[PDB]
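Presented below is the structure to which this report refers.
Nothing in this text is a laboratory measurement; each read-out follows from the coordinates by a stated rule. We place every Cβ from the backbone using ideal geometry, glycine too, and count neighbours over all the protein chains shown.
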Amino acid sequence: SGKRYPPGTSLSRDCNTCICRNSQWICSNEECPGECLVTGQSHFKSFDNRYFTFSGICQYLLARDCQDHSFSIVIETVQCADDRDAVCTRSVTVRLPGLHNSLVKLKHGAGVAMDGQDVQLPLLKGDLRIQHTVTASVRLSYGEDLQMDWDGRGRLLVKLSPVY
Amino acid sequence: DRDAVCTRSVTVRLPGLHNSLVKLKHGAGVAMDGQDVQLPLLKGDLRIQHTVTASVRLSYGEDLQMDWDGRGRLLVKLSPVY
Amino acid sequence: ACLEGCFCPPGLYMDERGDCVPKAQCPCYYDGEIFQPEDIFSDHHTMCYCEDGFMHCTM
């Protein structure tokens, strides 16, 4: 990045580590977790660090396990101001076939609803934990291979580990 | 003391709806079948909502009321149909 | 009835977060969903918005 380092040093990217030997950083190739992101109006980010935009108004899929069916997430988009080029996120739905085949719903506040029933946070069921983070943002956590973030005013995140 | 026996929690049961099991807890909280619940809770018949935002009030039908069991001041209201 | 407790003056209405507020920033609770005081809002076929506490839907 335009600065020098002596040999034998080991700087660490978020993903993995790299070490200087004979003017050649050696590096590992071990996978590291991805992050799909929704924010702003309609600005997406793929797991592969792509950016793009799609201002559609319907219930779209966002992610899904596709060789088995451990989960499936569904965004719901609406126009969100007077302009036509302003399509923010209202609510996202989550689905776990591994537990009752239930149906979680993050709502436009900091609220959540399991099968129509509003719920106080925290919600320790067997696997999934749902709790506030700063007392202004929800955080789902199914297992150890899944996280989420608030869909109140539309800043949905995910965290998928390399098992997927 | 031994002569001090306050109320902790009361349980309610409605065979007319799922044969469910409501539970008023030592706070102002409620739990249907183990699941904590945000107030209000408009199901078909029974309504549960805060009253002063410091006391729960169940209302099944029009022939039944309740009051807070947090620190133990349970009430009821039964109409003459019973 | 005419109950007893902690209220605040008539110009102020109760917010979820312990304070009470005028009806300018009093949100809407449409379909459970807590919309902020200014949230223009529509599918393809309906048209809806939250003005001052009430949820003004049309078609």
Number of positions in the stretch A:40-93 that are within 21 Å of C:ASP43 (Cα to Cα) and in a strand (DSSP E or B): 21
Tabulated pairs, the stretch A:141-153, first within 14 Å of A:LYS125 (Cβ to Cβ), second among the polar types (S, T, N, Q), C-beta under 6 angstrom, 6+ apart or interchain: A:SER141/A:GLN147
Residues being within 12 Å of chain A (Cβ to nearest Cβ) and either among the β-branched types (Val, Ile, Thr) or assigned to a loop (DSSP other than H, G, I, E, B) (or both) - total across the stretch C:4-59: 13
Whichever residue in the stretch A:30-39 is part of a strand (DSSP E or B) and either among the hydrophobic types (A, V, I, L, M, F, W, C) or in contact with a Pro (Cβ under 8 Å, 6 or more places away or on another chain) (or both) and, among such residues, is surrounded by the fewest Cβ atoms within 10 Å (Cβ to Cβ): A:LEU37
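Return yes or no: is B:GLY27 within 14 Å of chain A (Cβ to nearest Cβ), out of contact with any helix residue (DSSP H, G or I) (no Cβ under 6 Å at 6 or more places or on another chain) and either assigned to a strand (DSSP E or B) or at negative phi (or both)? Full working, then the answer.
On the way: within 14 Å of chain A (Cβ to nearest Cβ): yes; out of contact with any helix residue (DSSP H, G or I) (no Cβ under 6 Å at 6 or more places or on another chain): yes; either assigned to a strand (DSSP E or B) or at negative phi (or both): yes.
Answer is yes for this residue.
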B:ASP67 being among the charged types (D, E, K, R), free of Cβ contacts under 8 Å to residues at least 60 places away in the same chain, within 19 Å of C:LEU3 (Cα to Cα) and surrounded by 15 or more Cβ atoms within 10 Å (Cβ to Cβ): yes
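Yes or no, residue by residue, for (1) free of Cβ contacts under 8 Å to residues at least 12 places away in the same chain; (2) surrounded by 13 or more Cβ atoms within 10 Å (Cβ to Cβ); (3) out of contact with any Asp or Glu (no Cβ under 7 Å at 6 or more places or on another chain):
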site: C:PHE7; (1), (2), (3): yes, no, yes
site: C:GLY11; (1), (2), (3): yes, no, yes
site: C:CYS20; (1), (2), (3): no, yes, yes
site: C:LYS23; (1), (2), (3): no, yes, no
site: C:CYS26; (1), (2), (3): no, yes, no
site: C:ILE40; (1), (2), (3): yes, yes, no
site: C:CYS50; (1), (2), (3): no, yes, no
site: C:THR58; (1), (2), (3): no, no, yes
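Considering A:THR133, A:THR93, A:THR89, A:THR77, which residue is over 19 Å from A:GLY34 (Cα atoms) and in contact (Cβ under 8 Å) with a residue 40 or more places away in the chain?
On the way: A:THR133 fails: in contact (Cβ under 8 Å) with a residue 40 or more places away in the chain; A:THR93 fails: in contact (Cβ under 8 Å) with a residue 40 or more places away in the chain; A:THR77 fails: in contact (Cβ under 8 Å) with a residue 40 or more places away in the chain.
The unique qualifying residue is A:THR89.
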